[PDB]
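One structure below.
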Amino acid sequence: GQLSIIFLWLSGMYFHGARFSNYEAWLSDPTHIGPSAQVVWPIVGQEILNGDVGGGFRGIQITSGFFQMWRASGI
Amino acid sequence: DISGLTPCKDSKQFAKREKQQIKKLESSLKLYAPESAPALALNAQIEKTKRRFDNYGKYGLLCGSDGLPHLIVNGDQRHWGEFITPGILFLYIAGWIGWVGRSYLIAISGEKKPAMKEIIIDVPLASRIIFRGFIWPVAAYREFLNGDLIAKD
Amino acid sequence: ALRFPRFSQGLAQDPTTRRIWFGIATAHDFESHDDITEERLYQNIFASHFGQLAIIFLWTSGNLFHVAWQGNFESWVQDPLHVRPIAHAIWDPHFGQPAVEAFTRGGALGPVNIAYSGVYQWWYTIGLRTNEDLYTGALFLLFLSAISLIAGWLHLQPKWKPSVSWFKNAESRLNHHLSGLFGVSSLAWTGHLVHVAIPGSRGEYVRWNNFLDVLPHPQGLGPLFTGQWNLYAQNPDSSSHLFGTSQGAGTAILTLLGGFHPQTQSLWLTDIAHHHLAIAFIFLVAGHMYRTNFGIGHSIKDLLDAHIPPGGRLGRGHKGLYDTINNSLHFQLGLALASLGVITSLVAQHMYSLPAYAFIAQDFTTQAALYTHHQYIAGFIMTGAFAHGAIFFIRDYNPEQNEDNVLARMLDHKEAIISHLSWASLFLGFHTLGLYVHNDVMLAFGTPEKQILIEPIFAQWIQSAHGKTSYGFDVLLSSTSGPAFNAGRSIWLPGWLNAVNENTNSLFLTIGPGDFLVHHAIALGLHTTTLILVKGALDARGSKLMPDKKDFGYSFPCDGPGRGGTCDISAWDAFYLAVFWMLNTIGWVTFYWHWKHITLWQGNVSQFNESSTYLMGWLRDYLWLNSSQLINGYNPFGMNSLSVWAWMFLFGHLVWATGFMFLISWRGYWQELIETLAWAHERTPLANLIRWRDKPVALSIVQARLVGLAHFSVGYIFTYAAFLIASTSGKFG
Amino acid sequence: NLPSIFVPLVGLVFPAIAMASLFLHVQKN
Amino acid sequence: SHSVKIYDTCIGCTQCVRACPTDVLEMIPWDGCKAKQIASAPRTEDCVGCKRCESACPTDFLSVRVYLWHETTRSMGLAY
Amino acid sequence: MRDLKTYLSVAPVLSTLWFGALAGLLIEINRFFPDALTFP
Amino acid sequence: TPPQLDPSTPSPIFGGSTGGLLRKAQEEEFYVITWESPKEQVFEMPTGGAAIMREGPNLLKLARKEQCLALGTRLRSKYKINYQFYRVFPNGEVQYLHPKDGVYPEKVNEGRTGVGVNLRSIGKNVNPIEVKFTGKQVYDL
Amino acid sequence: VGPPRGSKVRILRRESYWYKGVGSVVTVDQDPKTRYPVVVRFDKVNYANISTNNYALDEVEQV
Ligand code: CLA
Ligand code: CLA
Ligand code: CLA
Ligand code: CLA
Ligand code: CLA
Ligand code: CLA
Ligand SMILES: CC1=C(/C=C/C(C)=C/C=C/C(C)=C/C=C/C=C(C)/C=C/C=C(C)/C=C/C2=C(C)CCCC2(C)C)C(C)(C)CCC1
Ligand code: SF4
C-alpha cells in the first residue's frame with residue numbers, strides 16, 4: 001500500500017512537470033529561468049502567487065530539484 | 001459623513017489607490033508579449049480591480065483618510081447592508097443548522113445503542129430532518145411557548 | 001520540630017532536599033503552622049504589616065539618598081527638557097574602558113544610570129529643589145522605618161498584644177480609616193500644596209524655618225471663616241506663567257480651571273489642592289457612618305441582614321454575610337486585592353492622559369515605563385484577588401451558616417455562570433481572530449481595500465460627548481446650545497475643551513478601525529482570564545470528577561491516573577493556568593499603548609492607523625522595526641549606552657526558555673536520572689569521602705509548576721522592559 | 001571612596017556570610 | 001506517612017489489595033456487605049501514594065481514599 | 001452493497017463529502033459574485 | 001501464625017549489577033526475600049538482568065519492599081512459588097513482613113482487625129472550618 | 001423492603017456521578033445488615049466506565 005501511494009505521488013510529479021511546467025524553456029536557459037511546476041487558479045485573488053519565474057511563464061517556483069534530475073537523465 | 005468619513009466616490013485617496021493598483025499590475029505586463037496568455041490573465045485582473053473599485057463607489061461605502069472602506073455598524077438605515085442584513089442571513093443559516101442538529105439528536109435518543117447513529121449517521125433520517133430548518137424560527141418559537149424547548153430538569 | 005522549618009514538624013522529618021524547598025515556600029502561610037491559634041495568627045499578621053511598612057520606607061529613603069548623593073537634580077531643575085535624570089552611580093569592576101565612556105551621561109564624572117521612574121518630576125512638582133531637601137527627607141523616612149519596626153516589636157510583647165475581639169471591631173476601624181487615614185491625610189496634603197508647593201511654583205521658597213512667617217494667601221483665613229471662599233480663586237496663574245518663577249504668577253490657591261498648564265503640560269497645582277480638599281471633606285463626612293461608642297451610627301450586620309428582597313429571588317439576601325466576611329481573612333484579602341487591582345489600572349489609565357507632574361508628558365520613556373509597570377502590577381493583583389477568593393471557599397466557607405444567601409446561590413448556578421463566560425470568550429476569540437486573518441490575507445494578496453474595517457463608533461460618540469470635535473457628532477459637550485455645555489460654560493469647560501481638542505497630548509486620542517480590533521482582543525483576554533479564575537474558585541470545593549476536593553486543600557498535585565486522569569485538578573492549578581492568560585492580556589494592552597504612542601511621538605499616526613489592522617503589521621512595523629537600535633547595543637564594531645538593555649533582552653529570552661523546561665518535562669524522568677547520579681557519586685573514588693546529608697530528589701509536581709511559572713514571568717517581564725526602555729530611549733519618540 | 005569598599009562587601013562578603021550561616025542553620029540536628 | 005482510609009460503601013471485591021505494590025491493604029471479616037468482608041490499611045507506613053487502589057475501585061464514589069501526607073524515605077520510594 | 005452503504009455513512013466520509021460540496025458551492029459563488037463587502 | 005525465622009540459605013546465581021544495594025542498606029535498612037523452587041530456572045531480576053534460581057531454598061537481598069513484592073508476585077504468577085520477605089536493620093534485627101498472618105492479604109482471614117475504617121460514606125466528611133485551629137483532619141474523625 | 005425491581009429511581013447521593021439522574025433498580029438486598037442494598041443500573045458510564053452502583057434506601061427516590 002505504501003509503495004502504491006509513493007508511485008501515485010511520483011506519477012503526479014511527472015504529470016505536473018509535463019502539463020503545468022516551464023521545463024522546456026528552462027532547458028534552453030537554466031541560469032536565468034526559475035523552475036516552476038505549479039499554477040494556481042484565478043479565485044478569490046489567489047492568482048497573485050503565479051509570479052514571474054521567467055520564460056514567458058507564471059507559476060510557483062519549486063525547490064524539489066526535479067528539473068536538474070530530469071536534465072541529468074536526458075529528458 | 002459619519003464619524004468624519006467621506007464617501008469613497010468623493011475621496012481622492014480611493015482613486016489614488018485604484019490608480020496605483022492598476023499601475024502595479026501593468027508593470028508586469030511589460031515582460032510579456034501583448035498576445036500571450038499571461039498578458040491575457042493580467043488584463044482580467046485589471047478589469048477585476050476596476051470593477052471592484054467601481055462597485056465600492058456605487059454601493060455608497062464610506063472611506064477614511066486612507067482610501068479604504070470603513071464599515072458602519074451602529075444601526076444607520078443607510079448602512080444596513082454591511083452588518084444588519086448579512087447578520088440576519090447568518091442567524092437564519094446558523095439557526096437552521098442548530099435546529100437540524102437538535103432534531104436529529106432527539107430522534108435517535110430512544111434507541112438500544114444511540115451512540116452508533118452518532119458515528120454512523122442514518123442518512124435517510126438526516127434527509128428527513130434537514131429540510132425542517134427552512135421553518136426553524138416558527139418551530140423554535142412554538143416549542144418556547146409550550147415548553148418543549150427547555151428541559152426543566 | 002527539631003530542625004528546619006521549626007513551624008512544621010512534618011517537614012522537619014523529611015530526609016530529602018524537599019524539606020528545604022518547602023520550608024521556604026510555606027513560611028508566610030501562618031494558618032497551616034503547628035499549634036497555631038487565631039490570636040497568634042492575628043498578632044503575627046499585625047507584626048508583619050509593620051515590617052512591610054518599614055521596608056517600604058527604607059526603599060524610598062534609599063531612592064532619595066541616592067538621588068541626592070549621585071544624581072543631577074539641581075542641574076535638572078534648571079533644564080528639565082534637556083538634562084537626563086540620574087538614578088545612581090555605577091561601580092562594576094567588570095566594566096571595560098568603552099563601557100566607562102559610554103555610560104558617562106548627564107553631567108556626571110563616571111558611569112551612571114538614567115532614571116525612568118519619574119521621581120525627579122514628582123519631587124520638583126511638590127516643592128523640593130535642593131539636594132539638602134532630599135537628604136533631610138531620606139533621614140525622616142529612615143526614622144519612620146525605625147519607628148515602624150519598633151512598633152512591630154512592641155505589639156508583639158505580652159502587655160501590648162491586641163486581642164482577637166479588637167481585630168474584629170470593623171465599625172471603629174472603618175470609621176477611623178475613612179475619616180483619619182483617608183480624610184485627614186488628604187487635608188494635610190492640600191495644606192502642604194497650599195503652603196509649600198504652590199508658592200514653590202511661583203518662585204517663593206518656603207521651608208520649616210520660615211513657613212510661620214509667610215502668608216499662603218494675602219487675605220489669610222479671613223474668607224474661610226467668613227464664608228466668601230471665592231476670594232481664594234479670583235486671580236489664577238496666567239497662561240504665560242513659567243513654572244518655578246514669578247513671571248505670570250497669580251495669588252489663587254483653590255481654582256477649577258481644568259485643562260493643562262501651557263508650559264509644563266500638566267494639571268494646575270491649585271486644581272490639585274482644591275481636589276484634595278474636596279476629597280478630604282467627602283471622606284471626613286463618610287467616616288461618621290458606623291456605630292462605635294456613642295449610640296449613633298450603623299451596624300454592618302444589621303444593614304446586611306435587612307437587605308433581603310421580599311420577592312425571594314435573591315434567597316435570604318445578604319443575611320449572615322457579616323460573620324463570614326469578618327471571620328475570614330481570605331475574603332477580606334480578596335476584596336482588598338480586587339479593589340486595589342481595579343484602582344491600579346485606574347491610576348495607570350489616568351496618569352498618562354492627565355499628567356499631574358511638571359514636565360512629565362514629554363519624557364516619553366518615563367511615561368511608557370510607568371504605564372507598563374502599573375498595568376502589570378494590576379494584572380498580578382487581580383489574579384491574587386481570585387486566588388484568595390478560591391482559598392476562602394475551601395478553608396473558611398461554612399455552608400450551614402450561609403444557607404440560601406447570595407453566596408450559596410453562586411455555587412448553585414456555577415454551571416450557568418461558567419458556560420456563559422465560555423460562550424463569551426469563544427465568540428470574542430473566534431471573531432477577532434477571523435477578522436485579523438481575513439485582513440492579513442487581503443494584505444497578502446495585494447488588495448487592502450477588501451479588509452473588514454469596523455469603525456469604533458460607540459467610543460467616538462462617547463468622545464464627542466466629552467467635547468471632541470474630530471468626528472462631527474455634535475452631542476452634549478460638543479454641542480453649543482445644550483444644557484450640559486451651558487452648565488459648565490464658565491467654570492471648567494473652556495480649559496477642558498481646549499486640552500481635549502489639542503491633538504498632540506494623550507487626552508482622548510483619535511481612534512479608528514485599528515483600535516476596534518485591539519479593544520476586542522483585550523476584552524477576549526479579560527473574559528478568558530476571568531473564566532479560568534471563576535471556574536477555579538467555584539469548583540474549588542468539588543466537582544463531578546472530584547466530589548471531595550475540599551478534603552485535599554487548596555494546593556495538591558492531583559488525584560492520580562484513575563477516572564481518566566486528573567492532571568491540574570486543584571484550584572491552585574487554575575490560578576497557575578490563569579497567570580499565563582493574564583500575562584498575555586497585559587502584553588496585548590501594553591503593545592497597544594506603546595505602538596499607539598511611539599507613532600504619535602514620531603509625528604506619523606498613519607503608520608499605526610494602516611498597519612494595526614493586520615497582525616503582520618504588528619510583527620513588522622512594531623516589533624521588527626523598533627528592535628534595530630536595541631539589538632545593536634553591542635556588535636563586532638563596538639558598543640554604546642544601550643548595551644545593558646541588549647544584554648537584558650537576551651537574558652529575558654533565556655529565562656523564558658528555561659521556564660519551558662519545568663513547564664513541559666515532568667518529575668519521573670528527573671527522579672530516575674537523579675538515581676543514576678547518586679550511584680555514580682557513591683562509586684567514585686576521592687568523592688566517597690564526601691557524603692550528602694539531605695537525600696537528593698527531584699522537584700515536586702506543584703513545586704515545578706511554580707518554578708516554571710516564575711521563570712516564565714521573569715523572562716516575560718524583563719524582555720519587554722528591556723525592549724520598551726531601549727526602543728523609547730534610542731530615539732526618544 | 002565608598003563604592004570601591006561597599007560594592008565588594010554587599011556583593012561578595014555579605015552573601016558569603018549569610019550563606020554560611022543559613023547552611024549551618026539548615027543542617028542543624 | 002500517607003493516610004489511607006476505607007469507607008463502608010465497600011463491596012469487598014478485594015480489588016485494592018491485589019493492586020497494592022507495597023502490601024499496605026488487606027481484607028478483614030465484616031457483615032455490612034454481601035461479600036462479608038471489608039478492606040483495611042494496617043501498614044500505611046509502607047504506603048507510597050501511587051493511588052493504584054483507587055484505580056481499581058468500582059464503587060462510586062471511591063471506597064478507598066489516599067491522602068498524601070508527611071514524606072518519609074519509604075514514602076518517596078528511595079533506594080539510596 | 002448494504003455494508004458499503006453503511007461504510008459511506010461513517011462520520012469521516014460523510015464529513016469530507018459535505019465539506020467538499022460546501023467548498024465547491026462557496027467557490028462558485030465567489031467566482032460569479034466576487035469581492036462582496038456588503039449585501040445590496 | 002508463628003512467623004518463620006531466617007536461615008542461611010543460598011542465593012540465586014547472578015553475575016552482579018550496578019542496581020543492587022547502596023549505603024542506605026548500611027545505615028537504614030534492607031529487605032530479604034526467601035522462597036523455594038522445584039528446579040533451577042531463569043527469572044528476571046527487579047534490579048535489571050536475569051538470574052538463575054536454584055532448586056531448594058533461595059534467599060535474595062534487595063533495597064526496597066516494593067522490589068521484594070514485585071518479585072514475589074512475579075514468582076506466584078509465573079512459577080507458582082510461595083514466598084516470604086523480611087526487613088533487616090543495621091543492628092541485625094529482623095522484622096517479618098509478608099505474608100503477615102500466614103495468609104495472603106487478598107484472602108479474608110479471622111483475627112484481623114480493621115485499621116482506618118470509616119463507618120460513613122466519603123461524602124459525609126465535615127468541612128475544613130469545623131477542624132480549623134485543631135490538629136485533626138476531616139478524614140481522621 | 002425497598003423499591004420494586006425494575007422501577008425508575010432518582011439518585012440523591014451528592015458525590016455520585018449520576019446525582020439528580022435516573023436509573024433502573026435491578027435487585028434490592030433483603031439482609032437488614034446490608035448498608036447499601038439498592039442496586040441501580042444507568043444508561044451512561046461514569047468516569048471509570050462503570051454503569052452500576054449500590055445505594056442506600058434513603059438515597060433513592062421512586063419516580
Ligand atoms: C501527490 C500527488 C498529487 C498532488 C499533490 C496533486 C495536486 C494538484 N493537482 Mg494533480 N495529478 C496527480 C497527482 C497529484 N496532484 C496525478 C497522479 C495526476 C494524473 C491523473 C494528476 C492530474 C492533474 C490534472 C489534470 C490537474 C491536476 C491539478 C492539481 C492541482 C489542483 C487539484 C484540485 O483542485 O483538485 C480538484 C478537486 C478535487 C479532485 C476534489 C477532491 C475530491 C475529494 C475526494 C472530495 C470530494 C468532495 C467533492 C469535491 C464534493 C462534490 C461531490 C458530489 C457528490 C457533490 C493540485 C496542485 C489541476 C491543476 O493544477 O490545475 C491548474 C489539474 O488541472 N492534477
Ligand atoms: C447539534 C449541534 C449543536 C448544538 C445545537 C449546540 C448548541 C450549543 N453549544 Mg455546542 N458543540 C457542538 C454541537 C452543538 N452545539 C459540537 C459538535 C461541539 C464540539 C466541537 C460543541 C462545543 C461547544 C462548546 C465548547 C461550547 C458550546 C456551546 C453551545 C451553546 C451556545 C452556542 C455556542 O457557543 O455555539 C458554538 C458551537 C460550536 C463551537 C460547535 C458547533 C459545531 C457544529 C457547527 C455543529 C454540528 C452538529 C452536527 C455535526 C450536525 C448534525 C447533522 C445531523 C442532521 C445528522 C449552545 C447550547 C457553549 C456553551 O455551553 O455556552 C452556553 C460552549 O462553550 N458547544
Ligand atoms: C485615625 C486613626 C488611624 C490611622 C491613621 C490608621 C492608620 C493605619 N492603620 Mg489603623 N486602626 C485604627 C485607627 C487608625 N489607623 C483603629 C481605631 C483600629 C482598631 C479598630 C485600627 C486597626 C488596624 C489594623 C488591625 C491594621 C491597621 C493598619 C493601618 C495602616 C494601614 C497600612 C497603610 O499605611 O496604608 C496606607 C493607606 C493610605 C495612605 C490610604 C490609601 C491610599 C490610596 C489607596 C491611594 C491613593 C493616594 C494617592 C493617589 C497615591 C499617592 C501618590 C504618591 C504620593 C506616591 C495605617 C498606617 C494595618 C497595618 O499595616 O498596621 C501596621 C493593620 O493591619 N489598623
Ligand atoms: C496583600 C497581598 C498578599 C498577601 C498578604 C498574601 C498572603 C498569602 N498568600 Mg498570596 N497572592 C497574592 C497576594 C498576597 N498574598 C497575589 C497578588 C497573588 C497572585 C500572584 C497571590 C497568590 C497566591 C497563591 C497561589 C498562594 C498564596 C498563598 C498565600 C499565603 C502563604 C504565602 C506563602 O507561603 O508565601 C510563600 C511565597 C514565596 C516563597 C514566594 C516565592 C517567590 C516568588 C515566585 C517571587 C520570585 C521572584 C524572582 C526570584 C525574581 C528573580 C529576578 C531575576 C533577576 C533573578 C498567605 C496568606 C499560598 C497559600 O497558602 O494559600 C492557601 C498559595 O498557595 N497566594
Ligand atoms: C496562541 C495560543 C493559544 C490559543 C489560540 C488559545 C485558544 C484558546 N484558549 Mg488557551 N491557552 C494557551 C494558548 C492558547 N490558547 C496557553 C499557552 C495556556 C496556558 C496553559 C492556555 C490556557 C487556557 C485555559 C486555562 C483556557 C484556555 C481557553 C481557550 C479558548 C478561549 C476561547 C476562544 O478564544 O475561542 C476562539 C478559539 C480559537 C482561537 C481556537 C482556534 C480555532 C481555529 C482557528 C479554527 C479552526 C481552523 C480550521 C478550520 C481547522 C483546520 C485544521 C485541521 C482540521 C487540519 C481558546 C480555544 C479557555 C477555554 O477553553 O474557553 C472555551 C480556558 O478555559 N486556554
Ligand atoms: C557584586 C559581585 C561581584 C564582584 C564585586 C566581583 C568582582 C570581581 N570579579 Mg567577579 N563574578 C561575580 C560577582 C562579582 N565579581 C559573579 C556572580 C560571577 C559569576 C558569573 C563572577 C565571575 C567572575 C569571573 C569569571 C572573573 C571575575 C573576576 C572579578 C574581578 C575582576 C577585577 C580584575 O580584573 O582584577 C583581577 C584581580 C585578581 C585576579 C586578584 C584578586 C585577588 C583578591 C582580591 C584576593 C582576596 C580574596 C579574598 C581573600 C577572598 C574573600 C572571599 C570571601 C568569601 C571572604 C573582581 C574582583 C575576574 C578575576 O580575575 O577575578 C578572580 C574573573 O576572571 N568574576
Ligand atoms: C472569587 C471570590 C471573591 C472575589 C471576587 C472578585 C475578585 C470579584 C471582582 C470583581 C470586580 C473586579 C468587579 C468590578 C466592578 C466594576 C464596576 C462595578 C464598575 C462600575 C463603574 C460604574 C458604575 C461607573 C459608572 C459611570 C460613572 C459613575 C461616571 C462615568 C460614566 C459611567 C456611567 C460609566 C471573593 C473574595 C469576593 C469571595 C468569594 C470568592
Ligand atoms: S501525571 Fe501528574 S497529573 Fe497525570 S497523573 Fe501522574 S501525577 Fe497526576
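In the C-alpha cells, chains take letters A, B, ... by order of appearance, with residues numbered from 1 within each chain and ligands from 1 in the order shown.
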Close residues to ligand 8 using only C-alpha atoms and all ligand atoms, limit 6 Å, as JSON, numbers by chain: {"C": [558, 559, 560, 561, 565, 566, 567]}
Restrict the selected residues to N, CA, C and O atoms and save them as a short mmCIF file (atom, residue, chain, number, x, y, z; two decimals), in the first residue's frame.
```
data_model
loop_
_atom_site.label_atom_id
_atom_site.label_comp_id
_atom_site.auth_asym_id
_atom_site.auth_seq_id
_atom_site.Cartn_x
_atom_site.Cartn_y
_atom_site.Cartn_z
N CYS C 558 -2.62 16.25 42.40
CA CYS C 558 -3.58 15.55 41.57
C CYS C 558 -4.42 14.56 42.37
O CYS C 558 -4.33 14.51 43.60
N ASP C 559 -5.24 13.78 41.66
CA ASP C 559 -5.92 12.63 42.25
C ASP C 559 -5.47 11.32 41.62
O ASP C 559 -6.08 10.27 41.87
N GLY C 560 -4.42 11.35 40.80
CA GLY C 560 -3.88 10.14 40.22
C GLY C 560 -4.33 9.91 38.79
O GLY C 560 -5.09 10.69 38.21
N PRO C 561 -3.86 8.81 38.20
CA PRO C 561 -4.23 8.49 36.81
C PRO C 561 -5.61 7.87 36.66
O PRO C 561 -6.05 7.66 35.52
N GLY C 565 -7.84 10.30 34.39
CA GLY C 565 -6.72 11.20 34.57
C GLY C 565 -7.14 12.50 35.24
O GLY C 565 -8.19 13.05 34.93
N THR C 566 -6.31 12.99 36.16
CA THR C 566 -6.66 14.13 36.99
C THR C 566 -5.52 15.14 37.06
O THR C 566 -5.12 15.58 38.14
N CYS C 567 -4.97 15.51 35.91
CA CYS C 567 -3.90 16.50 35.88
C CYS C 567 -4.46 17.90 36.08
O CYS C 567 -5.47 18.28 35.48
#
```
Selection: 7 Å around range 20-26 of chain H, only C-alpha atoms, excl. self and same-chain fewer than 5 positions, as a ChimeraX atom specification: /H:5-12,38-42
Generate a file of the selected residues that holds N, CA, C and O atoms, formatted as a PDB file, in the first residue's frame.
```pdb
ATOM      1  N   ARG H   5     -38.432  -4.054  41.987  1.00  0.00           N
ATOM      2  CA  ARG H   5     -37.405  -4.328  40.994  1.00  0.00           C
ATOM      3  C   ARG H   5     -37.894  -3.951  39.602  1.00  0.00           C
ATOM      4  O   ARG H   5     -39.009  -4.296  39.201  1.00  0.00           O
ATOM      5  N   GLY H   6     -37.052  -3.231  38.865  1.00  0.00           N
ATOM      6  CA  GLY H   6     -37.386  -2.752  37.543  1.00  0.00           C
ATOM      7  C   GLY H   6     -37.914  -1.335  37.495  1.00  0.00           C
ATOM      8  O   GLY H   6     -38.181  -0.829  36.399  1.00  0.00           O
ATOM      9  N   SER H   7     -38.069  -0.680  38.642  1.00  0.00           N
ATOM     10  CA  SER H   7     -38.609   0.667  38.681  1.00  0.00           C
ATOM     11  C   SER H   7     -37.537   1.690  38.310  1.00  0.00           C
ATOM     12  O   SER H   7     -36.353   1.376  38.173  1.00  0.00           O
ATOM     13  N   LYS H   8     -37.973   2.935  38.146  1.00  0.00           N
ATOM     14  CA  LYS H   8     -37.091   4.046  37.826  1.00  0.00           C
ATOM     15  C   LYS H   8     -36.885   4.897  39.070  1.00  0.00           C
ATOM     16  O   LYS H   8     -37.846   5.250  39.758  1.00  0.00           O
ATOM     17  N   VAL H   9     -35.624   5.221  39.359  1.00  0.00           N
ATOM     18  CA  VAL H   9     -35.268   5.867  40.613  1.00  0.00           C
ATOM     19  C   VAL H   9     -34.311   7.025  40.365  1.00  0.00           C
ATOM     20  O   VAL H   9     -33.402   6.954  39.536  1.00  0.00           O
ATOM     21  N   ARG H  10     -34.539   8.102  41.107  1.00  0.00           N
ATOM     22  CA  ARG H  10     -33.683   9.278  41.122  1.00  0.00           C
ATOM     23  C   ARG H  10     -32.659   9.150  42.242  1.00  0.00           C
ATOM     24  O   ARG H  10     -32.986   8.712  43.351  1.00  0.00           O
ATOM     25  N   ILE H  11     -31.422   9.539  41.945  1.00  0.00           N
ATOM     26  CA  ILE H  11     -30.298   9.370  42.857  1.00  0.00           C
ATOM     27  C   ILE H  11     -30.116  10.643  43.672  1.00  0.00           C
ATOM     28  O   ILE H  11     -30.044  11.744  43.116  1.00  0.00           O
ATOM     29  N   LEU H  12     -30.043  10.493  44.996  1.00  0.00           N
ATOM     30  CA  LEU H  12     -29.883  11.623  45.896  1.00  0.00           C
ATOM     31  C   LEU H  12     -28.493  11.732  46.506  1.00  0.00           C
ATOM     32  O   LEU H  12     -28.251  12.664  47.280  1.00  0.00           O
ATOM     33  N   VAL H  38     -29.733  -1.229  47.480  1.00  0.00           N
ATOM     34  CA  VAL H  38     -30.398  -0.962  46.210  1.00  0.00           C
ATOM     35  C   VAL H  38     -29.358  -0.928  45.097  1.00  0.00           C
ATOM     36  O   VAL H  38     -28.489  -0.054  45.076  1.00  0.00           O
ATOM     37  N   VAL H  39     -29.454  -1.867  44.163  1.00  0.00           N
ATOM     38  CA  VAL H  39     -28.560  -1.914  43.012  1.00  0.00           C
ATOM     39  C   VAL H  39     -29.237  -1.191  41.855  1.00  0.00           C
ATOM     40  O   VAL H  39     -30.378  -1.507  41.501  1.00  0.00           O
ATOM     41  N   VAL H  40     -28.543  -0.221  41.265  1.00  0.00           N
ATOM     42  CA  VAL H  40     -29.094   0.620  40.211  1.00  0.00           C
ATOM     43  C   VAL H  40     -28.178   0.560  38.997  1.00  0.00           C
ATOM     44  O   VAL H  40     -26.946   0.614  39.123  1.00  0.00           O
ATOM     45  N   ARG H  41     -28.791   0.451  37.821  1.00  0.00           N
ATOM     46  CA  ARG H  41     -28.110   0.444  36.536  1.00  0.00           C
ATOM     47  C   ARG H  41     -28.466   1.713  35.773  1.00  0.00           C
ATOM     48  O   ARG H  41     -29.626   2.135  35.764  1.00  0.00           O
ATOM     49  N   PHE H  42     -27.466   2.323  35.143  1.00  0.00           N
ATOM     50  CA  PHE H  42     -27.637   3.602  34.472  1.00  0.00           C
ATOM     51  C   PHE H  42     -27.295   3.475  32.996  1.00  0.00           C
ATOM     52  O   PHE H  42     -26.580   2.563  32.574  1.00  0.00           O
TER      53      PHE H  42
END
```
Protein and nucleic acid residues within 9 Å of ligand 4 (only C-alpha atoms and all ligand atoms) as a VMD selection string: chain C and resid 21 to 32 45 49 329 to 330 333 to 334 336 to 337 341 377 to 388 390 to 392 395 553 to 555 572 to 573 575 to 576 579 651 to 652 655 706 to 707 709 to 711 713 to 715 718
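Each of D:29, D:14, D:20, D:8 was compared to ligand 6 using only C-alpha atoms and all ligand atoms, and D:8 turns out to be the nearest.
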Polymer residues at most 9 Å from range 9-24 of chain E, only C-alpha atoms, same-chain spacing of 5 or more positions, as an MDAnalysis selection string: (chainID E and resid 4 32:48 50:64) or (chainID G and resid 65:70 98 105:107 119:122) or (chainID H and resid 35:36 54:55)
Given 9 Å and only C-alpha atoms and all ligand atoms, residues near ligand 2 as a PyMOL selection string: (chain B and resi 94-95+97-105+117-118+121-123+125-130) or (chain C and resi 416+418-427) or (chain F and resi 15)
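Using only C-alpha atoms and all ligand atoms, residues with at least one atom at most 8 Å away from any atom of ligand 5 are residues 422, 423, 424, 425, 426, 427, 428, 429, 430, 431, 433, 434, 524, 528, 529, 531, 532, 574, 577, 578, 580 and 581 of chain C.
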Within 6 Å of ligand 6 (only C-alpha atoms and all ligand atoms), residues as a PyMOL selection string: (chain C and resi 93-94) or (chain D and resi 7-8+11-13+16)
Interface list for chain F, partner chain C, 9 Å threshold, only C-alpha atoms, as a PyMOL selection string: chain F and resi 35-37
